[PDB]
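Comments concern the structure below.
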Amino acid sequence: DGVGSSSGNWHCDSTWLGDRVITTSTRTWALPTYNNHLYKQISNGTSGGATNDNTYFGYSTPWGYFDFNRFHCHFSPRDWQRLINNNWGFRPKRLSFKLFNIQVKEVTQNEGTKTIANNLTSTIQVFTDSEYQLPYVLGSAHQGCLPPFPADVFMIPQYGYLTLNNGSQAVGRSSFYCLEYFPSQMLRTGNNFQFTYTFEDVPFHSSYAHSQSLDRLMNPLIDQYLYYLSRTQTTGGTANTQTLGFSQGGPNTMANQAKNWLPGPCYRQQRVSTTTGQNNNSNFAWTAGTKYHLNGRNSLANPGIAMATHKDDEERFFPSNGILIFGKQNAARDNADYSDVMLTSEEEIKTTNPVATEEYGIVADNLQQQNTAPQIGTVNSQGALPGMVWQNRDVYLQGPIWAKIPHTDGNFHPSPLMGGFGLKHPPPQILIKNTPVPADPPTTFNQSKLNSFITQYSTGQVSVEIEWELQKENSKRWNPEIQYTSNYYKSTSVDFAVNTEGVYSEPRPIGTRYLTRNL
Amino acid sequence: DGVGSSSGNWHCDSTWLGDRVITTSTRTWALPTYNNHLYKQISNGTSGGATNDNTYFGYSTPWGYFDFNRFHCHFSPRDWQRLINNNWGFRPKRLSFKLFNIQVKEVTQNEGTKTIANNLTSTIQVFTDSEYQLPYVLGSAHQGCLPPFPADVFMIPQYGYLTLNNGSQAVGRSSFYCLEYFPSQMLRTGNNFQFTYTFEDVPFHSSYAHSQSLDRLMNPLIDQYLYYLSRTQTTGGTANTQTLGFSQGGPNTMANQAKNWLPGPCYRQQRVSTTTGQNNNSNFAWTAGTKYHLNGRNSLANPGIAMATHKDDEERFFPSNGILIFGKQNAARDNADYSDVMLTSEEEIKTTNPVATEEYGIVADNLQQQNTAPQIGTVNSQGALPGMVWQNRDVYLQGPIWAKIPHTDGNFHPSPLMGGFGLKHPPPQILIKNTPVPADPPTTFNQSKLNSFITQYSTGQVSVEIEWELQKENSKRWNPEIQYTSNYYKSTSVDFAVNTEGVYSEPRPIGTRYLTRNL
Amino acid sequence: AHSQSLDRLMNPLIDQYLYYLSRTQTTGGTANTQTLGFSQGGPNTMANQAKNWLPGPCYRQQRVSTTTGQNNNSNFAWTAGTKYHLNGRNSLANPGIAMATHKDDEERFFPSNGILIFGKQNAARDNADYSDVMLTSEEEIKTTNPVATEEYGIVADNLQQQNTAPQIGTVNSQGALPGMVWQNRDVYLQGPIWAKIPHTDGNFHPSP
């Protein structure tokens, strides 16, 4: 461990081993000093235009953190293609993390002439929240993960967290956490850090689409032996009175046939078209948004439970806040135009899950009688019902991987709604910070805490290796399957490559469901 | 591996061991930062004056690469002389490569006063394309190899590559490669790198000239027992009619004798003289150039298949684009004058290969009859014919050594046309790069990739050792052979030495074919 | 399929150390006389650069378009067909040596008898219409093999002199040349698998 010796090598690669695939990626990072080495109470109340739905109380810390919860941090576009075109499923098994070739630099500023030099004796601090004692901030789709392109140098995100609040105030139960109250490893240039983690057992992600629908699982050539009420009134001429007629479901009455299952749960969303002219002329994104109510404040159920984005021949429609939306390279942060973002589609699950913008079904609303016509009610919100089967939201090359399952007495189908793997004990948070280096202190004692520090930042490389277990496809389907493919004809540039400017970009979102499977 | 310890020594030498010769050379190199650490899409279309024959699509990378594919990177002039004056052949067997005494420096620029200092904690990255997964750019006669003179410090070439294109656009099959997607070794000052490689089995290069020609392999004292058609018409007086006369080939009719072999293949080239006055007054270098047509675009077949540069007593003639041409020290890059370049000559193969600027031979063109005179056609393009024997192009002290044989279903006589050894698995490409070192990042998180880096370059030494197998001469020739020799009389300077200015220069191209051998 | 072409294997950022004849005549004004000028191949003159290999063999075929209106109005399938002559009788070299079906942006063109053609279900045995058959394409080999309907290249045809302008000849038939590399014809789900190599004293690249 010396000043003149590399403390790690560049490991970036992928290797396929039949039923496993191991991804390894390394990136160069930079870490500034955050908050001037201070912890600060942050808050947002109801004053000004601030609405109650956005209030909060918490703290910003001097620490940064590593995040690689994004599939493109591990899979290259080509690897993702290898994965999705040939496997019915996959999931994480274990990972390795390493920090090395650390460099702490100090920057001097005098007469606009700025100079940067090495501070060979400075240290950075690193530690993992192995016992999950800090607010788990990963799994909220935040920016700051390792870049998709290996050659890109990235800046490390600052760590902050929230606790209970009443307006802009804290309450008795509000918690304050100090990260320096954890043991942490201190490294100088020449030292390195690393750890291993094993994923808990979790279901394989379904990287397939059903080639059968719930309502079409019968034999199209045979009648049922079961009968259904088919007639309530006589038909001949005008002397029409009540009667009772029963028939057997068959090939031409599949909608009436007795079945064993029901489509998945439903919470509805308002429909919007990509052809603006077909939309109501008003600003309803929030007012007509599908939300949930929690302790006085409202939140968008975004993207909410998994539902088919649209039905047959309606690709132009989507749930106002029921799909994942990624921006194109350089899309604005606010009010970006439709042509600057990329909408995903969960159309593959029309097969078992209700369409996001329609009713779940119809139920009786009264008791019909000789003098009262039967009335029906539309169900727009439907919770778990015995017999339901459903699919979860798909995952994307540039989407999240896992999320921590909240520590609660109960939960139902703990699959993260944004997509991914729900884990009770997810990869630990890796916090990093530059140790404060005091500038010269006063020459006579003073009780006050020092607030004059040498300006500095650090840089180094980081490696993450993950082993994924694959579930091979076993189909007896005779005809070719749908596959993700690169465009065939000429183009100005190559998709998933760099600019003439050197800017890498991801042209479209790439899902995971190409191969098919029966129900 | 410390800051204060050399990590390698200067190994430059040659040792002859009967049937082997081992060359070792070390050089000092400098590596700048290329492309500002970026990958950039580069292209060339048909706009402006750009012709379709020069279109392309590809990428330039932030990486550099080591290249020693040039005989003078290993053999000193005197060693080359020892080799060519005493051996009938030679070939590479194995090699060692080493990178050491690495120094990474950072340069500060303020008020024109520039300062360079050591950055002891910086790293460079190195890796070999052992599995040949990157476009093989070596073997295209590019500049950037180790200098011939050991005392010369050189700059490392930037790596770039090409993929399919349609005009200035890419096509579906165009590939984008990221070099950071390979594992690479990271070294700080004090660390070193090295590897070993073994050349595949390959034929010895023919460092000899034939002392017999294909058409003169018979006994000049004996007749053949075989006859040939010698007369088709009577001769006496004027009553001349058709007849059939046969004769036996003999010492005075060697041109008619039955033979067993045929001269090598032929693709023709236009002839040009070094006496400009004998040349047509027009600019025909390209219009009259010998080319090949590939997917809509034309390329010069330069130098093309191996053919004798000229016939007896015509040293002033040469194929417009059928020979290797080296420049003299400091010759201009464009429109350099004849007296500034050095033309090579493959005159040694007149013996078995057709002369580059003449026909292969003559074939019948019709069916002669009592009322139709026989007609003949000139063959200017002749592919492989059973019975052909030929020699390959010679290699030069300052010429290329090997080339990678394209991975294709088929090939014919895979000897690199520019000369050298064709290898399916040639010495791997050695890529090197300076690791980006971010300047101070913003103090509050920002998603954008960093684009502000500390300016730096690296320098160090490189060693290459190659073991060559020799094929000794076994001639029973009584009279002395031709040998490469230094001039005898006085001269302003020494050939293959330095200036009064310290500039090394190679006065002429030195071939390899001096000793002779029978057919 | 190759993602690189034979004529584009160099580094697009570096010049060669090798020179080529670039000028045969002076340029300034009207007093233009013969001279000799040499230049180094580089990123903008890739067509002039010295290279190590040559495209595969070539036997030519007549070009025909799937847009009938672009075709000559005559029945040339046999008369203009590419054939081989064996003991007095002629046969179509069908499909013949492997060559790219067409060049960039010409998908409508194909060699009269230089590709495999399968019929669609129930296509007639004789005079089936274009819409009843399925043409294959060896476009993937444009990368190393000459295009089936064009020349292999150009060679000199005479000896230029002060009083004789240089002449060139087009090569439409080119046999094996040292340095050539090529790809074989592709195989198809409904195509043949193997063939017996004729028992002969010799053969060249015995790929069916």
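Chains as they are written, first to last, in the deposited numbering: chain A, 220 to 738; chain A', 220 to 738; chain A'', 428 to 635. A prime marks a further copy of an entry chain.
Beta carbons are placed, not taken as given, at the ideal position from N, Cα and C, and that holds for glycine.
Within a Cβ cutoff of 8 Å, which residues of the same chain sit near residue i, ignoring the five residues on either side of it in sequence?
{"i": "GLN452 (chain A')", "result": "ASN459, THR460, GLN461, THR462"}
{"i": "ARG239 (chain A)", "result": "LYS312, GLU686, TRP687, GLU688, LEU689"}
{"i": "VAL598 (chain A'')", "result": "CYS485, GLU578, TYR579, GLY580, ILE581, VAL582"}
{"i": "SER539 (chain A')", "result": "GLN488, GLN489, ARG490, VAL491, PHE503, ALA504, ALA507, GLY508, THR509"}
Going by other Cβ atoms of all chains shown within 10 Å of its Cβ, with 16 needed for buried, is residue i buried or exposed?
{"i": "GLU330 (chain A')", "result": "exposed"}
{"i": "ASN718 (chain A')", "result": "exposed"}
{"i": "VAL326 (chain A')", "result": "exposed"}
{"i": "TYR278 (chain A)", "result": "buried"}
{"i": "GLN497 (chain A'')", "result": "exposed"}
{"i": "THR457 (chain A')", "result": "exposed"}
Identify the residues that DSSP records as bridge partners of residue i: which are they?
{"i": "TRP697 (chain A')", "result": "Partner(s): none; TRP697 (chain A') has no beta bridge."}
{"i": "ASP232 (chain A)", "result": "A:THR243"}
{"i": "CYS485 (chain A')", "result": "A':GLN601"}
{"i": "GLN589 (chain A)", "result": "Bridge partners of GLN589 (chain A): none, in fact."}
{"i": "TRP609 (chain A'')", "result": "A':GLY629"}
{"i": "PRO635 (chain A')", "result": "For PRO635 (chain A'), which the question treats as bridged, DSSP gives no partner whatsoever."}
{"i": "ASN385 (chain A')", "result": "A':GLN388"}
{"i": "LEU513 (chain A)", "result": "A:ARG516"}
Relative to the alpha-carbon of residue i, which residue among the options has its alpha-carbon at the smallest distance?
{"i": "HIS230 (chain A)", "options": "A:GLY268, A:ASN304, A:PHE319", "result": "A:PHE319"}
{"i": "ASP286 (chain A)", "options": "A:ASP298, A:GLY358, A:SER295", "result": "A:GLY358"}
{"i": "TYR380 (chain A)", "options": "A:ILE261, A:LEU445, A:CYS292", "result": "A:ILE261"}
{"i": "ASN670 (chain A')", "options": "A:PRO354, A:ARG696, A:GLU720", "result": "A:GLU720"}
{"i": "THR417 (chain A)", "options": "A:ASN693, A:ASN254, A:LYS643", "result": "A:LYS643"}
{"i": "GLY618 (chain A)", "options": "A:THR340, A:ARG301, A:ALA550, A:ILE544", "result": "A:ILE544"}
{"i": "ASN228 (chain A)", "options": "A:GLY267, A:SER349, A:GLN680", "result": "A:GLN680"}
{"i": "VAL560 (chain A'')", "options": "A'':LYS547, A'':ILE441, A'':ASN554", "result": "A'':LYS547"}
{"i": "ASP532 (chain A)", "options": "A:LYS569, A:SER518, A:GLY223, A:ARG552", "result": "A:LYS569"}
{"i": "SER426 (chain A)", "options": "A:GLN601, A:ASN737, A:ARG732", "result": "A:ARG732"}
{"i": "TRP235 (chain A)", "options": "A:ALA269, A:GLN300, A:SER224", "result": "A:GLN300"}
{"i": "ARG696 (chain A)", "options": "A:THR334, A:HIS429, A:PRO376", "result": "A:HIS429"}
{"i": "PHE401 (chain A')", "options": "A:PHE373, A:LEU445, A:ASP232", "result": "A:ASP232"}
{"i": "residue 741 (chain A')", "options": "A':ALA550, A':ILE620, A':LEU383", "result": "Any answer about residue 741 (chain A') is impossible in this case: the structure gives chain A' only from 220 up to 738."}
{"i": "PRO646 (chain A')", "options": "A':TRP621, A':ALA658, A':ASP628", "result": "A':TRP621"}
{"i": "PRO728 (chain A')", "options": "A':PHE346, A':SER710, A':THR704, A':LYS709", "result": "A':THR704"}
{"i": "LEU734 (chain A)", "options": "A:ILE303, A:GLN404, A:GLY237", "result": "A:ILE303"}
Can you find the residues in the same chain that come closer than 7 Å, C-beta to C-beta, to residue i, ignoring five residues on each side of it along the sequence?
{"i": "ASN572 (chain A')", "result": "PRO482, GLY483, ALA525, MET526, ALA527, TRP609, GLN610"}
{"i": "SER449 (chain A')", "result": "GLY464, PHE465, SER466"}
{"i": "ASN305 (chain A)", "result": "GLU692"}
{"i": "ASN288 (chain A)", "result": "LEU357, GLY358, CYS364, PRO619, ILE620, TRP621"}
Keeping to the same chain, check which residues put their C-beta closer than 6 Å to that of residue i; ignore five residues upstream and five downstream.
{"i": "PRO605 (chain A'')", "result": "none"}
{"i": "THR493 (chain A')", "result": "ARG535"}
{"i": "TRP282 (chain A')", "result": "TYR378, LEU398, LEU650, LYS652"}
{"i": "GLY596 (chain A'')", "result": "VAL582, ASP584"}
{"i": "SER315 (chain A')", "result": "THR415, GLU684"}
{"i": "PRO470 (chain A)", "result": "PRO439"}
For the region 589 to 619 of chain A'', which residues have a beta carbon sitting closer than 7 Å to at least one beta carbon of chain A'?
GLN589, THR591, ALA592, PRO593, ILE595, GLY596, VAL598, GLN601, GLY602, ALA603, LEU604, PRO605, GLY606, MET607, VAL608, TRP609, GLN610, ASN611
Would you list, in chain order, the members of the region 570 to 584 of chain A'' that have their beta-carbon closer than 8 Å to a beta-carbon of chain A'?
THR570, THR571, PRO573, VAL574, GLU577, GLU578, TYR579, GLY580, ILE581, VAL582, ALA583, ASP584
Short-range partners of chain A'' found in the region 366 to 390 of chain A', where Cβ spacing is below 9 Å
Within the region 366 to 390 of chain A', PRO376, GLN377, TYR378, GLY379, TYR380, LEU381, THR382, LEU383, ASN384, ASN385, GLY386, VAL390 place their CB atoms closer than 9 Å to a CB of chain A'', listed in sequence order.
Compile a chain-ordered list of the residues in the region 659 to 684 of chain A' whose CB is closer than 7 Å to at least one CB of chain A.
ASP659, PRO660, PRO661, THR662, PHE664, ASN665, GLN666, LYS668, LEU669, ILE673
Which of the residues in the region 223 to 252 of chain A, read from start to end, lie with their CB under 9 Å from any CB of chain A'?
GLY223, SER224, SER225, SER226, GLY227, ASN228, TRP229, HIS230, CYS231, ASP232, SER233, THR243, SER244, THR245, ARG246, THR247, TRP248, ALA249, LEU250, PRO251, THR252
Under 9 Å, CB to CB, which of the residues in the region 255 to 269 of chain A' have a partner in chain A?
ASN255, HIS256, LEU257, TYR258, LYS259, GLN260, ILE261, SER262
Using a Cβ-Cβ cut-off of less than 8 Å, list which residues of the region 618 to 634 of chain A'' approach chain A'; keep chain order.
So the list reads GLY629, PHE631, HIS632, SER634, given in the order they occur along the chain.
Closer than 7 Å between beta carbons: that is the criterion. Which residues of the region 499 to 522 of chain A' meet it against chain A''?
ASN499, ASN500, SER501, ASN502, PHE503, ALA504, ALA507, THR509, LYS510, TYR511, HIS512, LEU513, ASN514, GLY515, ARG516, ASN517, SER518, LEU519, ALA520, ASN521, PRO522
Contact residues within the region 692 to 716 of chain A, judged by C-beta distance below 8 Å to chain A'
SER705, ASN706, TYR707, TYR708, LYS709, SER710, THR711, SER712, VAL713, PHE715, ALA716
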